[PDB]
Amino acid sequence: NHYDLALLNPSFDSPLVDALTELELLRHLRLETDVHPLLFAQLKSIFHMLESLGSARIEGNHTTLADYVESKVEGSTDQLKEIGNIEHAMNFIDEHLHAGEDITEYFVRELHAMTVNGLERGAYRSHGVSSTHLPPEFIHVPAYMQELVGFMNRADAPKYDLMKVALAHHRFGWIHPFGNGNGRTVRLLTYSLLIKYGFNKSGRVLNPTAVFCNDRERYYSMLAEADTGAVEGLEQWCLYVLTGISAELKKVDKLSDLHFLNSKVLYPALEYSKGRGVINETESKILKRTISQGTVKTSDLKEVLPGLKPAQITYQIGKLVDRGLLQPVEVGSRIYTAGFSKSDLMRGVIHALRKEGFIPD
Amino acid sequence: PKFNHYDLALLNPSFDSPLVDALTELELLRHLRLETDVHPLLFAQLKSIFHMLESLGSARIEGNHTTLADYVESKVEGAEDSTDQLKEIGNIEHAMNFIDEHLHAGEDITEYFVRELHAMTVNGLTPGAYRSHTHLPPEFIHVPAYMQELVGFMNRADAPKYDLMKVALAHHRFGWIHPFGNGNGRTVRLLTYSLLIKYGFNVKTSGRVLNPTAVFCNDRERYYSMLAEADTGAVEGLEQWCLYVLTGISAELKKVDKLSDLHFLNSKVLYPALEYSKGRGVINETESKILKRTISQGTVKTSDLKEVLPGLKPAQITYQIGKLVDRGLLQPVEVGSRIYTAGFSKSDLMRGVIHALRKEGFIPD
C-alpha cells in the first residue's frame, strides 16, 4: 500500500464538499418524466452505443459513429468487435444489477472477460508494468483487488457513495489488475457503481466516458496527482471527477423533459429522415402521430389520413413495420411505437443529438 | 453569571460530522422545486392562518396565556384586540405580514429593519431603541457595535452553503446580545422568519409555509438548554446548537410540504373544513356547491357557475355570491375586483381548517 485506500474527509469550507452536495441533489431528485418508457428505452440503447464508441476511441480505436451505425442497422472487422464487446458489457451490467446481484470480484472478472472477448468463451496479470507510478507486483494484485472490492461494498454512509466512485476509479487503474483492457474495464466499473448508487429511481442516461472524453489531458494529469496517495492529490482527483459527473447529468437530464426531447430530438429526426428521402409524407404523418401519442394503431389513422382508402392505410402500416420504422410494443401485438434504436431513424436521432451537443464525433 | 466575549464567525466542521449531514439534508429541501397545483390566491389564505399559529406560539413562549380558541373567536367575531394580551399576538401577526410584504430573497436585512421588527412587536404595549439598562448580556454601551456586527454578518456574501448555518448563528447571537429592553424573544423569532425569507425558501415554491417557532415550541427546556450550551462560545457548543436548529427546521419542512399537494390539501384540510361549516349549519346547499367550486378551481366568477347552478340567471348567481361575500366566506382577490376566493382566514372556514390541521398533526394545542 504505497498509499492506503481509505475514505477522504474534507472540511466544510472545501470545494470538494461543494461538489459532493451538488451531485447529491441530482441523486435524490424526485422529478419523474413524461416521456413514454418505450421511447426512453430506445434512447438508452443509443447512448449505450455512444459510450462503447467513446471508451474504445480513448484507447485509439479508429471506428466512427457512421461505420458503427452502418454495421448495426443493416448488413465484422476487429476494431468493430472491440466496440460491440463494450456494448454487451453494458447490457450485462444492467441485467446483473437489475437481477438484484452485486459487484463482486468475480463479477468484475466477468466484466473484464466480456470486454476483451464479448459473448465468446478473466484472470489477473502474471507479468508486470511495461509514468511516475509503478503498477504493483503481480503477486500483490489479488490482495489489492480484494481490498478494493470490499471497499466499494462496505456499508458506509450514502454521503460517501460518490466519493467512492472517484476513489474506486483511480484505485482500479492504480492497481492495473489485468494484462490488457484496464481502461475499458475501469469505465465499465464506474458505470456499474453509478447504477448501483442510484442514478438510474428509469429516466436518465449515464455517460461516464463523456466526462473523460471531454479533456483527456486533464484526465491523465489528474490521475498522476492521485498516484502520490497524498491527500491533496486525491482530493483534486475527486473534485475533477464529481464536477465532471455533475456537468454530464446536467446535459442528459434535458432528454427527460418531454418537450425538449420531442422538439429538439425526435421531431427534427423525422424532418431529417424525410429530407433525406428515408420516409415519404404519408410515413412522416404516421410517425409524427406515434411520437405524440407514444404508440399508435391502424384504427387511429382514419382521420390523420382522410384521403386514403382504408386498405391503403393498412398497407402503410405494414410497410413501416417491415422496415422497422414502426415496431410492436409486445410480441404479437398490433400496437406499434417508433423504431429509433434499430432503424434508419437512428441517423436522424444521432443528427439531432449531434446538433444539440450530445455527441463529440 | 458572567459575560464572556465570543467571536461571531462561521463554523467549519469536517465531512464526517453529523452537522454536515443536517446541512446537506436541509440543502435538498432549500433547492427542491416542488411543483404545486394549489392556486396562489388560495394559498394566500392558508399563509395567514399559519401566521396566526406562529404569532400565538411565539407569544405563548414568553408567558401569554390566551388559547387558540380564544384567539380565533377574536378574529372571526367581534373585531380587534382589546385586551393587552390579544394585542401581543396581533402585533406579531402584523409584523409577520410586514416581512412578507417588505423583504424578498437576497435582499439585505438592515439594522433599521430589525429595529422596526421590535417597534411593531411592542407597539401599544424605547420602541425601536437599544438597551440603556447563566450568561450576562454585554453592557448597553456595547450593544450598538454588536448589532452592526450581526447585520453585516447576515448580509455578507458568504457562500450559499453557509446560509442555513447563518440562520442558527444569528438566532443565538441576537439573544446573546439582548439588544432591547423587552420583546427580545418575540423579535428574534421574527428575525429568524426574516432570514429564512432572505435566504430563499419562498422562491422556487408557490406555496411553502415556514413555522420557525414550531421548532422551538415543541420543546422548550431543550431550546433553552441548547442556548445555554452555546453561550459558552466554544466550538462544540455552537455546532450542537446549529445541529439542533437545522434538524428541527428540516423536520418541520417535511411535515409542512405535504400541504403543497392539491389532493392532500383538499381531501385532508379544505374539504373537511367545508363540511365542518356545513355541519354547524353555517352554509346551506347552494353555498356549499359554490365554495366547493372555488376550492377546486382556486377562484370563482359569477359566469363560472352557470352549470353549477343552472336554474339561476347570472344576476341571481351574483346575489348568491354577495351573500357569501357579506359573511366573509368569499373574498375579493383584490379590492374592487369581481373575482373571489374562499375566505379561509376571515370566515367560519378558519375554524374548520384549524380542526383539520389538528387532526392531521400540524397543531399541538
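Here the residue numbering is sequential from 1 along each chain as its sequence is written and may not follow the entry numbering; residues with no coordinates are omitted from view. Throughout, the order in which chains and ligands are written sets their labels, letters from A for the former and numbers from 1 for the latter. The basis for every side-chain value is the complete set of non-hydrogen atoms in the structure, without hydrogens or water. Residues with missing side-chain atoms are left out of burial classes, side-chain pairs and their counts.

- Method-wise, the PDB entry is recorded as coming from X-ray crystallography, at a reported resolution of 2.78 Å.

## What to know about the overall build of chain B
Stage number 1. Helix and strand counts for chain B stand at 15 helices and two strands.
Stage number 2. In this setup the radius of gyration rests on C-alpha atoms only. A globule is expected at 2.2 Å times the number of residues raised to 0.38. Against the 2.2 N^0.38 benchmark of 21 Å for 365 residues, chain B shows a C-alpha radius of gyration of 22 Å, consistent with a compact globule.
Stage number 3. By its C-alpha atoms, chain B is 75 × 45 × 35 Å across when sized along the principal axes. Under the scheme used here, helices are H or I runs from DSSP no shorter than 4 residues and strands are E runs no shorter than 2 residues, and both carry numbers assigned from the N terminus.

## Some remarks on the interface of chain A and chain B
Stage number 1. The partner chain B presents 17 residues to the 17 residues of chain A that form the contact.
Stage number 2. Buried area: the accessible area, evaluated with a 1.4 Å probe, that two parts lose upon being put together, summed over both parts. In this assembly, chain A packs against chain B so that about 1500 Å² is buried in total across both faces, 67% of it on carbon and sulfur atoms.
Stage number 3. It is A:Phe12, A:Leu25 and A:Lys159 in chain A that bury the most area against chain B; as a group they hold 45% of the surface buried on that side.
Stage number 4. By salt bridge we mean one thing: a side-chain nitrogen of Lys or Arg within 4 Å of a carboxyl oxygen of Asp or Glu. Connecting chain A to chain B are two salt bridges.
Stage number 5. Residues A:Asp18 and B:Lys161 are paired through a salt bridge, measuring 2.7 Å at the closest nitrogen-oxygen approach.
Stage number 6. Counting of polar contacts relies on pairs of N or O atoms within 3.5 Å, with two restrictions inside protein: one atom must be capable of donating a hydrogen and the other of accepting it, and residues adjacent in sequence are counted only when both atoms are side-chain atoms. Inspection of the chain A/chain B interface yields eleven residue pairs in polar contact.
Stage number 7. Here the side of chain A that touches chain B gets six residues from one element, more than from any other, and that element is helix α1 (residues 15–27) of chain A.
Stage number 8. Only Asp, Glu, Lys and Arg are considered charged in this grouping, and only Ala, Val, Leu, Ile, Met, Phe, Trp, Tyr, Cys and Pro are considered nonpolar; every other residue, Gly among them, is considered polar. Taken together, the residues of the side of chain A that touches chain B break down into seven nonpolar, five polar and five charged. Contact criterion: two residues are considered in contact whenever any of their non-hydrogen atoms come within 4.5 Å of each other.

## Examining helix α7 (residues 161–175) of chain A
Residues and elements named next belong to chain A.
Stage number 1. Its 15 residues place the ends of α7 21 Å apart at the C-alpha level, agreeing with the 21 Å of an ideal helix rising 1.5 Å per residue.
Stage number 2. For each residue, the accessible area found with a 1.4 Å probe, counting protein chains only, is set against the maximum for its type, and the residue is called buried under 20%, exposed over 50%, and partly exposed in between. When you tally the buried positions in α7, you get 14 out of 15 residues, the bulk of the element.
Stage number 3. Phi for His176, located one or two positions after α7, is positive at around 55°. In this scheme, a helix's expected span is set at 1.5 Å multiplied by one less than its residue total.

## Focus: the UniProt feature "active site" (unreviewed entry) in chain A
All names here are of chain A.
Stage number 1. UniProt positions are given in the numbering used here, feature names are shortened, and annotations may be inferred rather than shown by experiment. The UniProt feature table records "active site" (unreviewed entry) at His176.
Stage number 2. Residue position: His176 is located in the loop between α7 and α8 (182–196).
Stage number 3. Filtering out sequence-adjacent residues up to four positions away, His176 remains in contact with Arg125, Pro135 and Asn182.

## Considering the UniProt feature "binding site: ATP" (unreviewed entry) in chain A
Residue and element names in this part refer to chain A.
Stage number 1. Using the residue numbers shown here, the UniProt feature "binding site: ATP" (unreviewed entry) corresponds to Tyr219 and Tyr220.
Stage number 2. Here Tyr219 is to be found in helix α10 (residues 217–227).
Stage number 3. A relative accessible area of 3% means that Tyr219 is categorised as buried.
Stage number 4. In this view, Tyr219 contacts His169, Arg187, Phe212, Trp237 and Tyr240; residues no more than four positions away in its chain are not counted.

## Thoughts on the UniProt feature "active site" (unreviewed entry) in chain B
Stage number 1. The UniProt entry lists B:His178 under the feature "active site" (unreviewed entry), expressed in the numbering used here.
Stage number 2. Tracing the backbone through its elements, the reader meets B:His178 in the loop between α7 (163–177) and α8 (184–198).

## Observations concerning the side chain of A:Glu24
Stage number 1. By the element assignment, A:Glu24 lies in helix α1.
Stage number 2. Among the polar contacts made by the side chain of A:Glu24, one reaches the side chain of A:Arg27 at a distance of 2.6 Å.
Stage number 3. When neighbours within four sequence positions are excluded, A:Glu24 is seen to be in contact with A:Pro158, A:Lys159, A:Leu162 and B:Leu28.

## As for the UniProt feature "binding site: ATP" (unreviewed entry) in chain B
All names here are of chain B.
Stage number 1. Within this structure's numbering, the places UniProt gives as "binding site: ATP" (unreviewed entry) are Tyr223 and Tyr224.
Stage number 2. By secondary structure assignment, the location of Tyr223 is in helix α10 (residues 221–230).
Stage number 3. Each residue touching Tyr223, except ones within four places of it in the same chain, is listed here: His171, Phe216, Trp241 and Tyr244.
Stage number 4. Only 2.7 Å separates the side chain of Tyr223 from the side chain of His171, close enough to count as a polar contact.

## Thoughts on helix α4 (residues 78–98) of chain A
All names here are of chain A.
Stage number 1. With 21 residues, α4 should cover 30 Å at 1.5 Å per step; its first-to-last C-alpha distance of 31 Å lies within 8% of that length.
Stage number 2. All of the buried residues in α4 are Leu80, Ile83, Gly84, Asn85, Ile86, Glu87, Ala89, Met90, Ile93, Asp94, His96 and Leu97.
Stage number 3. Contacts made by the buried residues of α4 are with α2 (37–58), α3 (65–73), α5 (105–116) and α8.
Stage number 4. Just downstream of α4, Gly100 is the residue with a positive phi angle, here 95°.

## Observations regarding a nonpolar patch on the surface
All names here are of chain B.
Stage number 1. Patch members must show over 30% relative accessible area and no salt bridge, and they are joined within 9 Å when carrying like charges or within 5 Å when they are nonpolar side chains of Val, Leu, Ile, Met, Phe, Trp or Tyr. Surface exposure here means Shrake-Rupley accessible area, sampled with a 1.4 Å probe, where a residue is shielded only by the protein chains that are shown. Side chains of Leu41, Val333 and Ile339 sit close together on the surface and give an oily, nonpolar patch of about 190 Å² of accessible area.
Stage number 2. Here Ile339 lies in the loop between β1 (330–332) and β2 (340–342).
Stage number 3. With a relative accessible area of 34%, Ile339 lands in the partly exposed category.

## Considering the environment of B:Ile283
Residues and elements named next belong to chain B.
Stage number 1. Secondary-structure assignment places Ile283 in the loop between α12 (262–279) and α13 (285–297).
Stage number 2. Separated by 44 residues in sequence, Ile283 and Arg327 have C-alpha atoms that sit 9.9 Å apart.
Stage number 3. Ignoring any residue separated from it by four or fewer positions in sequence, one finds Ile283 in contact with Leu274, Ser277, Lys278, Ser288, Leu291, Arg327 and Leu329.

## Side note on the pattern of salt bridges
Oppositely charged side chains can pair when the atoms bearing their charge come close.
Residues and elements named next belong to chain B.
Stage number 1. If you walk through the whole model with that rule in mind, you get 37 salt bridges over all chains.
Stage number 2. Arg351 is the partner of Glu73 in a salt bridge, and the nearest nitrogen-oxygen pair spans 2.7 Å.
Stage number 3. The exposure class assigned to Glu73 is partly exposed, which follows from its relative accessible area of 41%.
Stage number 4. Among the ionic pairs, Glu252 bridges to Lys255, the shortest N-O distance being 2.6 Å. Placement of the pair is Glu252 and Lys255 together in helix α11 (residues 235–256), with a separation of three residues, close to one helical turn.
Stage number 5. Relative accessible area serves as the criterion here: at 28%, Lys255 is assigned to the partly exposed category.
Stage number 6. Linked through salt bridges whose partners overlap, the residues forming this network are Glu73, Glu77, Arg280, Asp348 and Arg351.

## Some points on the packing of helix α4 (residues 84–102) of chain B against α8(B)
All names here are of chain B.
Stage number 1. Axis lines are fitted to C-alpha atoms, over the contacting stretch for helices. Their N-to-C directions set the angle, which ranges from 0 to 180 degrees. Put simply, α4 and α8 touch, their axes get as near as 10 Å, and they point 20° apart. One element, α4, and the other, α8, form an angle in the roughly parallel class. Along this stretch, α4 crosses α8, giving a crossing that reads as right-handed. Residues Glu88, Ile92, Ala95, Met96, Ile99 and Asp100 of α4 pack against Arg186, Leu190, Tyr193 and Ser194 of α8. Between 65 and 115 degrees an angle is taken as roughly perpendicular, under 35 as roughly parallel, over 145 as roughly antiparallel, and anywhere else as oblique. Left-handed is the label given to a crossing in which the near helix is rotated counterclockwise from the far helix by less than a right angle, and right-handed is the label when the rotation is clockwise.

## A few points about unusual backbone geometry
Most peptide bonds take the trans form, and the phi angle of most residues other than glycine is negative.
Stage number 1. Phi is positive for A:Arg216, which is not a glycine, with a value near 65°.
Stage number 2. Looking at where A:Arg216 falls in the secondary structure, it is placed in the loop between α9 (209–215) and α10.

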